[PDB]
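Only one structure is covered here, and it is reproduced in the block below.
Quick note: the coordinates plus some simple rules give every number you see, no bench work behind them. Every residue, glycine among them, receives a Cβ derived from its backbone with ideal geometry; neighbour counts consider all protein chains shown.
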Amino acid sequence: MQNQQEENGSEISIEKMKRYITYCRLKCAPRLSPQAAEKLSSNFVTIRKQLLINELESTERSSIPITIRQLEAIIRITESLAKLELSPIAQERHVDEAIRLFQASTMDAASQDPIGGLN
Amino acid sequence: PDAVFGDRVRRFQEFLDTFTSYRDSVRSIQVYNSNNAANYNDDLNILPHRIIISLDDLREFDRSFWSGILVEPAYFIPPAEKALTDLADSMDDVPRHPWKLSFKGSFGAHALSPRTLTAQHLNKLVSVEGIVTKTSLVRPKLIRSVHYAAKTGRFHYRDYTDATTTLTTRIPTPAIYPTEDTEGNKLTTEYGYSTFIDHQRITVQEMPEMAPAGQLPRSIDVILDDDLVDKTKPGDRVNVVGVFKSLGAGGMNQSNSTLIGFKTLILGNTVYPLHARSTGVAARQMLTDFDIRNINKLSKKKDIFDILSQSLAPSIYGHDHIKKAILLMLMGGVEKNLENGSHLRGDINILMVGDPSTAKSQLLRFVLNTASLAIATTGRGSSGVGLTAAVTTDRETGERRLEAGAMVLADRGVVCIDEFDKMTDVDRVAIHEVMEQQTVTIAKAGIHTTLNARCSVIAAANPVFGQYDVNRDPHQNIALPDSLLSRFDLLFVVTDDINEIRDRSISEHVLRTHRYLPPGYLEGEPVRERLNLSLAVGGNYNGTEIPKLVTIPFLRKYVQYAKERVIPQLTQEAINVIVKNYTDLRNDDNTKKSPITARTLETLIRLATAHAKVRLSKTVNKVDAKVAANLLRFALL
Ligand SMILES: Nc1ncnc2c1ncn2[C@@H]1O[C@H](COP(=O)(O)OP(=O)(O)O)[C@@H](O)[C@H]1O
Ligand SMILES: [Mg+2]
């Protein structure tokens, strides 16, 4: 099945992936567009506002913290997505899926914390 | 006499004629020596007889002669040295040692590494960068021996040469040490009339920042002569310019009959101690009169303490008082050495503690990058012997010797300790003596010594609960001994408090930082990394030539000028302010993060002295005392 999928083109070989990641890292280093900064700032302040009100109501510190390093993590994920299609600039669609992946990774882990939930 | 030797002498004479910088450098050396000799005659230092020669200017003048020095230096360097000696003697007629050459400039394919040095570069001029590992004891080598015959009352002499003195190999004529003259009379050796030239042999191996991370490193021996000795110590990063020569016969004689091959080494012509990150070489750079005028112009402004501090790390939002503290630590204060042997600190120690992701490691890395002699260490990574010193054994002498730890190597420098809270107990006892008494006392088996460890220490720590708690007392949050906390001059607790407008400001600052381009780079082009090697002589991006905020290369020029030029003295108008404020701090009812001891008073004095260094003022004024006090009250309250 994997050989048939590679022949079709919906999967690519491991050595091809290796050399493609090498070319992508040596070739493209994208940037955030100025219109993509406002969305990142708005979502990074909304999540921390939710954590702030949850900590104020619970009066106990959350076990999994959300910091500025998480903002730069989202930036790095967005620029990786833009580096996937060799895009010199990152559009809104990379930001949106970087947010959705961050929700699926760190936000549900924080929701597993009862202090990080309560909403 | 050789015709081609004379032709190359004349060509180098024309080269020295068309560029007069070498001529008036020779003038400067000669007038310095003559003025020192005249001062010694009437009422000191003697510059060596050698001249830095730029290879780029030589390539611009004569490409054939430049290629001759690069490819066949044994045929081209001695004529150039004879030409320089003739020029010096022609201009010393009105007011004896031959003049030597040194080379700067681009080497191209001859700028190599101890791994890259092969046998194709033999008998060629090479520039080799690396790290000095073994440094032999400086030994005098007898050049000419002078003897006295008492029966005749006559002084005799004999000259001695070896293969390392000359680039061109000559017939080895071993002249033995004369003990009888030609008439058979006994000779008495006249020590003090004989001449001895200092000789050293260093070992340069490839830089650990440029060596491959798995395998063993490659090294090469370098022979140094009278003026080039003691310019490096083990652990320095070095650039050695010299002729890669082979010596002896590689077992091709009957007596030798082994496969050491031909012994290969570098006849050192030039030694540049390079400054690298977290090394023992301090970064020192030339201050042009334009930069001195600019430093004096910014010294006259009233906002300069807020300009230099905010221009430290513009990529970190806030933490302004920590920027003030780091600037004052870089100023360094003034130490007091007294006639009765007592010593008083000048250095300023900063401790930062608090929540993660509060730019503590980033600030420590900035202090590592911007200071002349910053050395970076980690709590569990280094040990008690790692920071102070340790004991080893020398192969040649067979006696025990010392290896200097991070604190001795950062003498007159900054030690950046990351994750200070994870240090071991013996390491804490070791740093107790260093951070106040400024010394490392080694009482090991057999050897007793003291080493100077005059260091500013900037440290980053974490609370024991991971996040700082407001309602809990600071004594439970810090969990460090009170004596160690009293060692630190300023203690900054940083808390990641969550506010909507603050979070918005941090986010926009981070994004504007994340939308930067270096000049000359394309939209999608990735930035390249070049390792920063600097020669040691002796949120807005558009900060260029003191417009609003100071660029880092000019800021370190300002720091250099203030540390070398001004040494401020206390005045009574600052002393009354300091005494009153210390008296208020000792007897205040407010709970403070750091304990208040007599070290607070000397902290106030050092901070006022550092702020006086900021203003380039030879006296400590009252506003210096006020700002030194108000920086401390922010850290305490
Ligand atoms: N005030 C700030 N301004 C800009 N960036 C920040 C700030 N605080 C944290 N960061 C970012 O968060 C990352 C976390 O590193 P750092 O905060 O130095 O760790 P630590 O707080 O453990 O020293 C850094 O890469 C830094 O760029
Ligand atoms: Mg850190």
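Annotations for the structure displayed:
- Some residue of the stretch B:340-352 being within 16 Å of ligand 2 (Cβ to nearest atom), within 14 Å of chain A (Cβ to nearest Cβ) and either within 21 Å of residue B:635 (Cβ to Cβ) or crowded, with 24+ Cβ neighbours inside 10 Å (or both): no
- Looking only at the stretch B:353-366, and only at residues there that are more than 14 Å from chain A (Cβ to nearest Cβ) and surrounded by fewer than 22 Cβ atoms within 10 Å (Cβ to Cβ), the one that is farthest from ligand 1 (Cβ to nearest atom): B:366
- Single residue of the stretch A:40-50 satisfying the filter (more than 7 Å from every other protein chain (Cβ to nearest Cβ) and crowded, with 17+ Cβ neighbours inside 10 Å) that is nearest to residue A:118 (Cα to Cα): A:50
- Within the stretch A:21-39, being loosely packed, with under 12 Cβ neighbours inside 10 Å and closer than 24 Å to residue B:361 by Cβ holds for no residue.
- Within the stretch A:1-33, being closer than 26 Å to residue B:518 by Cβ and of a type in the set (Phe, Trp, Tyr) holds for one residue alone: A:23.
- Yes/no for residue B:363 being within 16 Å of ligand 2 (Cβ to nearest atom) and under 24 Å from the mean Cα position of the chain (by Cα): yes
Every residue, every condition in (1) closer than 30 Å to residue B:526 by Cα; (2) within 9 Å of chain B (Cβ to nearest Cβ); (3) surrounded by 14 or more Cβ atoms within 10 Å (Cβ to Cβ), yes or no:
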| position | (1), (2), (3) |
| --- | --- |
| A:58 | no, no, yes |
| A:67 | yes, yes, yes |
| A:73 | yes, no, yes |
| A:87 | yes, yes, yes |
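- Of all residues in the stretch B:506-525, those that are more than 7 Å from every other protein chain (Cβ to nearest Cβ) and either within 16 Å of ligand 2 (Cβ to nearest atom) or hydrophobic (A, V, I, L, M, F, W, C) (or both) total 2.
- Answer residue from the stretch B:477-503, given it is within 14 Å of chain A (Cβ to nearest Cβ) and touching a strand residue (DSSP E or B) at 6+ places or on another chain (Cβ under 6 Å) and is farthest from residue B:582 (Cα to Cα) among those: B:495
- None of A:27, A:49, A:16 is farther than 23 Å from residue A:90 by Cα and out of contact with any helix residue (DSSP H, G or I) (no Cβ under 7 Å at 6 or more places or on another chain) except A:16.
- Among the candidates B:410, B:461, the residue that is in contact with a strand residue (DSSP E or B) (Cβ under 6 Å, 6 or more places away or on another chain), more than 14 Å from every other protein chain (Cβ to nearest Cβ), of a type in the set (A, V, I, L, M, F, W, C) and within 16 Å of ligand 2 (Cβ to nearest atom) is uniquely B:461.
- Of the strands (runs of 3 or more DSSP E) lying entirely inside the stretch B:167-263, those containing at least 1 residues that are of a type in the set (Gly, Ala, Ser) span B:219-224, B:237-247.
- Considering residues of the stretch B:455-475 that are within 30 Å of residue B:372 (Cα to Cα) and not polar (S, T, N, Q) only, the residue farthest from ligand 1 (Cβ to nearest atom): B:455
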